[PDB]
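Next up is one chain by itself, shown in structure tokens, the form deposited in one PDB entry.
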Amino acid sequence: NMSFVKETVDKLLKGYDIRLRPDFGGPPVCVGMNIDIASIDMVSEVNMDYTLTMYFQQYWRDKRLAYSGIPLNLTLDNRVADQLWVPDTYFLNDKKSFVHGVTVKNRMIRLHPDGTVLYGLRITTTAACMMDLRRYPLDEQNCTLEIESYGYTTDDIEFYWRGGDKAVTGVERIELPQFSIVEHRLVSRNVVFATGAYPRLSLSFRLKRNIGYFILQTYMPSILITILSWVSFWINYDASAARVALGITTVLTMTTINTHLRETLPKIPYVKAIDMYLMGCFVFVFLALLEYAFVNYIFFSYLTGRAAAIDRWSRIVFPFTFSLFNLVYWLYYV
């Protein structure tokens, strides 16, 4: 019968003060959170934030909304969320967030017979993710989503992850382009501001960056350019135009790729750990030009023997030194 449910639902909303939380004078109400992630796309370094889409569900108990005689579990329209009291959770890391509104404000209200209330939302959030780029692109980032109660202190409300470690789901099905979710954790804590102590749940992700795209874009061309400088060593000693053009254009290409690759990432006041490789390669090319200039100076300012000896020494030393530097760099970072 629809009229029975009609009058039951009408009676439930008589004398129901939305201003007062459930059990206003009694012990704090326990709210159980649950999360189902859809995507973590757009992990931006320039913006220092990540976009997260999430089904966020909250379970609690409200004696005022208990009903009997209706065995089924009332799935009410989302508009009923305006009448009922709902928790006041809020994300600390968020910059811009919204609840989806495609054809309806995407919310769900479910009333169980025992007064238990389930409140579900579909939220998109742009949460700040501070990053330590001192090992970029060989870094492993840690950043989180914090969930806090705004108005109600710990003595008026308490949070807990419903289902323990199974509260958050969908982490396995997430495939970022240039990242891999290694591990994730759930933590519950109390934060003591000036006003008082509030609960805080937190879901933390540790992301690991891929390497293939970065190495293929950045590191390999520097290697080829250094090998061109070594070709400049090998080619001759007296052919001034060929060697000098090759070296100066080697420097030109190195600074060209440096300028093109310097604009991808944001401003940070330290070596980015990919800049170190570019500076090393630039320094190697620079020393190639320096030793070429030294060869011309000693030759033009017996002498042919010195020039040949220095050329052999350079061509046998520089590749070995570059290999040593490369191994030291890779072992240090990777």
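The term rigid core refers to the most C-alpha atoms you can superpose between the two forms while keeping them within 1.5 Å. The first residue of the sequence shown is number 1, and the count goes up from there.
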For the step residue 301 to residue 302, what size class fits the number of deposited residues with no coordinates, none, 1 to 3, 4 to 9, or 10 or more? 10 or more
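Only in words, not in the display: the form deposited in another entry, which the text now covers.
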Fit the core first: which of 30, 276, 268, 293 then shifts its CA by 2 Å or more between the shown form and the other one? 268
Cα-Cα trend for residue 266 and residue 214, given that in the other form the distance shifts by 3 Å or more: closer
